[PDB]
Amino acid sequence: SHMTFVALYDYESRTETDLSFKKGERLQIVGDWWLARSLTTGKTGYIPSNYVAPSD
Ligand SMILES: COC[C@H]1O[C@@H]2O[C@H]3[C@H](O)[C@@H](OC)[C@@H](O[C@H]4[C@H](O)[C@@H](O)[C@@H](O[C@H]5[C@H](O)[C@@H](O)[C@@H](O[C@H]6[C@H](OC)[C@@H](O)[C@@H](O[C@H]7[C@H](OC)[C@@H](OC)[C@@H](O[C@H]8[C@H](O)[C@@H](OC)[C@@H](O[C@H]1[C@H](O)[C@H]2OC)O[C@@H]8CO)O[C@@H]7CO)O[C@@H]6CO)O[C@@H]5CO)O[C@@H]4CO)O[C@@H]3CO
Ligand SMILES: [Cu+2]
C-alpha cells in the first residue's frame, strides 16, 4: 500500500535511464534513485527519491 508516490516537483530526464515526470504525477516504486513506473505514461526508469512523497 506504501509504494505509490507523487511527484512534488517537475523533473526532466538527463540520461537514458532516468524518467521525466510532472508535479502531481504518480509513480509506483518497483538509495537516492529509485526504479519507478509512471502511472501516467507507464514508462519505467529511475527517479530521484527526494522529488517524490508517499501518495495513498
Ligand atoms: C484502445 O483501448 C483498448 C483498451 O481499453 C481499455 O484499456 C484502458 C485502460 O483500462 C485504462 O486504464 C485506466 C487506460 O489505460 C491507460 C493505462 O492504464 C496507463 O498505464 C497508460 O498506458 C500506457 C502504457 O502503460 C504504456 O505501456 C504505453 O502503452 C503502449 C504500448 O507500449 C507498451 C504499445 O505496445 C501499444 O500497445 C498496444 C498493445 O501492444 C502491447 C496491443 O496489444 C496487442 C494492443 O492492445 C490491445 C489490448 O491487447 C486489448 O486488451 C485485451 C484491448 O485493450 C483494452 C483494455 O482491455 C481496456 O481495459 C479496460 O485493446 C488494446 C488496443 O487494441 O494495442 C495497444 C495500443 O497500440 O500502444 C500503447 C499505447 O501507447 O503507453 C500507454 C499510454 O500512455 O495510459 C493508458 C491510457 O492511454 O485507458 C485504456 C484505453 O484507453
Ligand atoms: Cu505498500
Side-chain angles (χ1 to χ4, degrees), residues 2-11 13-15 17-21 23-55:
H2 63 308
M3 297 265 90
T4 312
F5 285 67
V6 59
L8 300 174
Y9 328 100
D10 293 343
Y11 177 68
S13 163
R14 266 70 176 171
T15 75
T17 65
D18 59 349
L19 175 63
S20 297
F21 48 84
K23 182 181 192 174
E25 188 162 338
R26 299 181 310 115
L27 296 141
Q28 188 67 28
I29 306 305
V30 185
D32 285 357
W33 288 83
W34 287 356
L35 187 67
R37 179 174 52 262
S38 169
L39 301 178
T40 292
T41 68
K43 188 190 198 154
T44 61
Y46 289 95
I47 61 168
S49 68
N50 193 46
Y51 273 50
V52 299
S55 172

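Just so you know, ligand 1 is whichever comes first in the structure, and atom 1 is the first atom listed for that ligand. Residues: numbered from 1 along the sequence shown. Just so you know, these numbers use all the heavy atoms, side chains as well, and skip hydrogens, waters and symmetry mates.
- Between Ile29 and the options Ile47, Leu35, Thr4, a side chain to side chain contact (heavy atoms under 4.5 Å, CB included) holds for only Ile47.
- The backbone N or O of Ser13 lies less than 3.5 Å from a partner atom in the side chain of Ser20, making a donor-acceptor pair.
- Near ligand 1, heavy-atom contacts under 4.0 Å come from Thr40, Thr41, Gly42.
- Side-chain contact check for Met3 versus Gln28: some heavy-atom pair is nearer than 4.5 Å.
- In terms of hydrophobic clustering, with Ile, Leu, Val, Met, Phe, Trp and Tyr side chains grouped at heavy-atom distances under 4.5 Å, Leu8 and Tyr46 are assigned to a common cluster.
- A side-chain N or O of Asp18 and one of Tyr11 form a donor-acceptor pair less than 3.5 Å apart.
- You'll find the side chain of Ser49 stays beyond 4.5 Å of the side chain of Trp33, heavy atoms only.
- Taking the Cu ion (ligand 2) as reference, the nearest N/O/S atom within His2 carries the name ND1.
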